[PDB]
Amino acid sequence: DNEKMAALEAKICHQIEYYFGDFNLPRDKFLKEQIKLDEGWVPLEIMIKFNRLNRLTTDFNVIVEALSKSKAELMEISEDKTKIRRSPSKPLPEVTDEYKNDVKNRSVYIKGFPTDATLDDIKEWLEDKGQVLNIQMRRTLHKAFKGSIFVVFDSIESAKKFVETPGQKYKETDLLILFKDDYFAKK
């Protein structure tokens, strides 16, 4: 049972580390604004408004507990424990031609998921194919899931491996997997 508490805390850490991570932060208008207010610090009162974290827990003490154990050590907790921020010692990487070129080469296109599949279904299916840093579910202008996604792996090596494996299926349904740039070339 104590195991479940560890699991919840590992998920809380992962979710918050995603919001403040290299992939999401540079594209997060709302969050980039909060960060400019009090030297990076964002009150837990605000953090609780984040749906995904909300679903995990809205309790400040749990969140702080979870973060204080994080292995990533990306986040910093204030003394009064009412706010958190990305460590000033882990600044965002400079987005150079090279950085972007590397990102594109680590991005994959996958088609074949059912329209009702959720980010959680997809995340679970992916925890066995390499370290994923971002999952983008492709939706219509009105937010309807198209069944296709873009995935960004931790490195071009893990992405290459994944794209190389031919017999992949989701809940025993065939899947079309290509490198993201290759997908655009065809389309």
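Don't overthink the numbering: it's just position in the shown sequence, from 1. In this text, rigid core is short for the largest set of C-alphas that superpose within 1.5 Å between two forms.
When the other structures are laid on the shown form by the core, the C-alphas of 141 to 149 and 38 to 46 differ in how far they drift in 5 other deposited structures of this protein; the larger average drift belongs to 141 to 149.
Note on 111 to 119 vs 89 to 97: mean CA B-factor is higher in 111 to 119.
With 139 to 147 and 55 to 63 compared on mean CA B-factor from the PDB entry, the stretch scoring higher is 139 to 147. Ranked against the other modelled residues of its chain, the C-alpha B-factor of residue 28 as given in the entry falls in the lowest third. Sort the chain's modelled residues by C-alpha temperature factor and residue 71 lands in the highest third, per the entry. The deposited CA B-factor of residue 16 belongs to the lowest third of values across its chain. Annotation for residue 48: C-alpha temperature factor in the middle third relative to the rest of the modelled chain, per the entry.
Per the PDB record, residue ranking by Cα B-factor puts residue 133 in the lowest third of the chain.
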